Every structure is written in structure tokens, then in C-alpha cells.
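What follows is one structure encoded as C-alpha cells, with my remarks underneath.
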Amino acid sequence: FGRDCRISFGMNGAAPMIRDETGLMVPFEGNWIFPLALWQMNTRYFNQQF
Amino acid sequence: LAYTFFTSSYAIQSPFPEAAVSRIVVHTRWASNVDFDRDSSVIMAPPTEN
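Top to bottom, those sequences are chains W and P. Using this note's numbering, the first residue of the first sequence is number 1, and each one after it goes up by one. Using this note's numbering, the first residue of the second sequence is number 101, and each one after it goes up by one.
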């Protein structure tokens with residue numbers, strides 16, 4: 001993941017997705033890689049979804 | 101959409117108004133901080149206002 005990490009709520013039961021670095025919408029599962037600065041700029045939001 | 105999705109719910113300042121409709125209005129020196137006033141301002145109101 002990079003500076004652009006937009007999150008989209010899932011609707012009508014679909015799982016929410018977060019934008020990959022290459023630009024593919026992926027669900028909240030598996031193994032991820034974050035730079036620290038990414039969490040810092042979105043602490044409150046991320047600390048609500050994850 | 102649940103209220104947790106929107107950015108305003110986290111009290112985050114935005115560069116732009118967060119509204120259903122927004123428009124552009126001319127307002128001379130609406131952000132200036134001058135020492136001498138030239139006293140020739142041109143100010144309109146939003147088009148919903150006459």
C-alpha cells in the first residue's frame with residue numbers, strides 16, 4: 001500500500017475493500033504491508049475499521 | 101451509509117465545503133489581511149440569495 005489507500009464500504013452484505021498499490025480493490029484479509037506514516041495520517045479512521 | 105463512513109463524523113477539516121450543493125461566488129479580498137483599505141469591495145451573495 002502507498003499514499004493512496006482509499007477505503008470503500010461494502011454494501012448489502014459485500015465485504016468492504018481497500019485500494020491496493022497497483023490499484024485493485026481488495027478485501028480485509030490476508031497479509032498486508034504498511035509504511036508507518038500511512039497509519040499516522042489516518043489513525044482514527046483506520047483504528048475504526050480494522 | 102452508516103455515519104462512520106463520512107469524514108465529517110471524525111471532525112476532519114476539509115479544503116472544500118462538505119455539502120450536497122456548492123457554488124462559486126466572487127468576494128474580493130475575502131481572505132486578505134491588509135494595512136490600508138481601498139474601500140471598493142465587490143461582494144455578492146449565494147445565488148439562492150438575491
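Note that CB positions come from ideal geometry on N, CA and C, so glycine has one too.
- For residue 7 of chain W, DSSP records a beta bridge to W/18.
- In this structure, the beta-carbon distance from residue 50 of chain W to residue 1 of chain W does not fall below 7 Å.
- Legend: CB atoms of the region 102-134 of chain P lying less than 7 Å from CB atoms of chain W belong to residues 104, 105, 110.
- Straight-line measurement puts the Cα of residue 147 of chain P at about 9 Å from the Cα of residue 124 of chain P.
- Residue contact check for residue 46 of chain W against chain P: no CB pair falls below 7 Å.
- Residue 29 of chain W and residue 15 of chain W have their C-alpha atoms roughly 10 Å apart.
- Listed along the chain, the chain P residues whose CB falls inside 7 Å of the CB of residue 9 of chain W are 101, 105.
- CA-CA distance, residue 6 of chain W to residue 136 of chain P, rounds to 46 Å.
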